[PDB]
Each structure stands twice: as C-alpha cells, then as structure tokens.
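> Pasting a structure here, questions to come.
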Amino acid sequence: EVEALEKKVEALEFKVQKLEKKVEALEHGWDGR
Amino acid sequence: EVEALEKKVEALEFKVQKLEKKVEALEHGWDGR
Amino acid sequence: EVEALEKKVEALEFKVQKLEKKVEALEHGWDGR
C-alpha cells in the first residue's frame, strides 16, 4: 500500500513539474506561448 | 495515518487533473479560453 | 518512509495551490495577467 502510495506521489511530482513549466511559459510568453 | 495520506493523494490527483485540463485549454485556445 | 511521504504530500499541496492561483489569474485576466 505504501509503495503504491510512493509511486502515486512520484507520478504527481512529475505532473506538477510539467504543469509549472507550462504555466511559467504562459505567464512569461516564452517563445510566443 | 496512511489512509489519510491516500485520501490526500486522491484529492491531489483530482486537482492535478483539473489543472491539466485548464492549462491545455489556455495553451490551445479551445472555445476561446 | 511514511513521514517522508507526508512531507512530500504537504509540499505537493503547496505547489498545487500555487498553480491554482496562477491558472485562475491567467483564466480571468486579473490585474492584467
């Protein structure tokens, strides 16, 4: 159960990082995004 | 403690999904968003 | 392991909240964002 929770948390960390990058690009207009 | 952690993780998964949908709409201008 | 998982989850909660605020601002054009 715990190891599956860690795997869920690791996946959330990657998704959250992807979202931060996308939001920063929208906020700053990087490369016309 | 663990069951509460799972419940926290399940809630984060739903929020992260909501954020992905909103960010994709901003990125692609869907329906004028 | 569990206490470290909680600490990871607490950090994800803060990041997710930051992302919600930023996305809401982009969506609504608050203060010209």
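Identifiers in this document derive from the order of the structure tokens: chains are assigned A, B, ..., residues are numbered from 1 separately in each chain, and ligands are numbered from 1 in order of occurrence.
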Using only C-alpha atoms, determine which residues of chain C fall within 8 Å of chain B; present them as a short mmCIF file (atom, residue, chain, number, x, y, z; two decimals) with N, CA and C atoms, in the first residue's frame.


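Produced file selection.cif, reproduced below:
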```cif
data_model
loop_
_atom_site.label_atom_id
_atom_site.label_comp_id
_atom_site.auth_asym_id
_atom_site.auth_seq_id
_atom_site.Cartn_x
_atom_site.Cartn_y
_atom_site.Cartn_z
N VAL C 2 6.99 6.82 5.80
CA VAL C 2 5.66 7.42 5.76
C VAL C 2 5.75 8.91 6.05
N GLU C 6 4.47 11.94 3.84
CA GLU C 6 3.66 13.09 4.25
C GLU C 6 4.32 14.40 3.87
N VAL C 9 3.88 14.96 0.31
CA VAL C 9 2.49 15.31 0.01
C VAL C 9 2.20 16.75 0.43
N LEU C 12 3.54 18.95 -2.19
CA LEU C 12 2.72 18.92 -3.40
C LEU C 12 1.47 19.76 -3.22
N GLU C 13 0.89 19.75 -2.03
CA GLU C 13 -0.29 20.55 -1.76
C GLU C 13 -0.01 22.04 -1.93
N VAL C 16 0.50 22.72 -5.69
CA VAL C 16 -0.77 22.67 -6.40
C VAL C 16 -1.58 23.92 -6.12
N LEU C 19 -0.20 26.69 -8.19
CA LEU C 19 -0.61 26.55 -9.59
C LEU C 19 -2.07 26.95 -9.80
N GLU C 20 -2.96 26.60 -8.87
CA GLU C 20 -4.36 27.00 -9.00
C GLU C 20 -4.49 28.53 -9.05
N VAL C 23 -3.18 29.80 -12.42
CA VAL C 23 -4.08 29.46 -13.52
C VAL C 23 -5.36 30.29 -13.45
N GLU C 27 -6.75 32.71 -16.33
CA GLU C 27 -8.07 32.47 -16.91
C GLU C 27 -8.94 33.72 -16.87
#
```

> What does the distance from atom CA of residue 24 of chain A to atom CA of residue 10 of chain A come to in Å, to one decimal?

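Atom CA of residue 10 of chain A lies at a distance of 21.4 Å from atom CA of residue 24 of chain A.
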
> Between atom CA of residue 32 of chain B and atom CA of residue 28 of chain C, what distance in Å does the model show, to one decimal?

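Between atom CA of residue 32 of chain B and atom CA of residue 28 of chain C the gap works out to 12.5 Å.
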
> Please report the interatomic distance between atom CA of residue 17 of chain B and atom CA of residue 14 of chain A in Å with one decimal.

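Distance reported for this atom pair: 12.7 Å.
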
> With DSSP run on the backbone, what are the alpha helix (DSSP H) residues within chain A? I'd like them as a list in words.

residues 2, 3, 4, 5, 6, 7, 8, 9, 10, 11, 12, 13, 14, 15, 16, 17, 18, 19, 20, 21, 22, 23, 24, 25, 26, 27 and 28 of chain A
